[PDB]
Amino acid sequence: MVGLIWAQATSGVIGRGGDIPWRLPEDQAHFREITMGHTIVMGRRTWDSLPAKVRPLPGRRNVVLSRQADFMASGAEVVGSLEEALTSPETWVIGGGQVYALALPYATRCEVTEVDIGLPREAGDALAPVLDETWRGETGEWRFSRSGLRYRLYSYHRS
């Protein structure tokens, strides 16, 4: 099972300037719960952006996707194609924008957090992938966060 998991502003923005333009602790706990124990696949840019302190993510098989054949991600497996990353019963693709779009055709689930920030799309932003008709989704109720922000969870599935 290949799933994607991401957190986006309502506008689709997931990233800017190499970082995240918000903080939502509840989303981090949700992300941890969904990925824990499983393989996680990230793009090289996302790996670089993480402080070495939080890297690799505990309890998960960390895989970094890079076009650099001898790239070394200390504490992670480096692979040159998504297919090499996709063993194990359950793999979660955890960003960023380029790798979500690459992985979506392989995916059967998307777990999406929507953050109610009015954040406009800007040139250069990382964006969430666009989900076609084949994605049936269940809207969660609007939760409320200790950061003061309103957010909502979507569980998308297909086939």
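Heads up: residue numbers just count along the shown sequence, starting at 1. The term rigid core refers to the maximal set of C-alpha atoms that superpose within 1.5 Å between the two forms.
Root mean square C-alpha distance from this form after a core fit in 8 other deposited structures of this protein: higher for 90-98 or for 46-54?
It is 46-54 that deviates more in 8 other deposited structures of this protein.
Core-superposed in 8 other deposited structures of this protein, which stretch deviates more in Cα positions, 118-126 or 63-71?
So, of the two stretches, the farther one in 8 other deposited structures of this protein is 63-71.
Between 15-23 and 133-141, name whichever shows the higher mean Cα B factor according to the PDB entry.
The stretch with the larger average C-alpha B-factor is 133-141.
What stretch has the higher average Cα B-factor here, 31-39 or 45-53?
Higher of the two, by average CA B-factor, is 45-53.
Among the chain's modelled residues, which third holds the C-alpha B-factor of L4?
Its C-alpha B-factor belongs to the lowest third of this chain's values.
Within this chain, which third does the Cα B-factor at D125 fall in: lowest, middle or highest?
Its C-alpha B-factor belongs to the lowest third of this chain's values.
Rank-wise, by C-alpha B-factor, drop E90 into the lowest, middle or highest third of its chain.
It falls in the middle third of the chain.
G118: which third of its chain by C-alpha temperature factor?
Highest third of the chain for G118's C-alpha B-factor.
Going by the CA temperature factor in the PDB record, which third of the chain does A101 belong to: lowest, middle or highest?
CA B-factor rank for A101: middle third.
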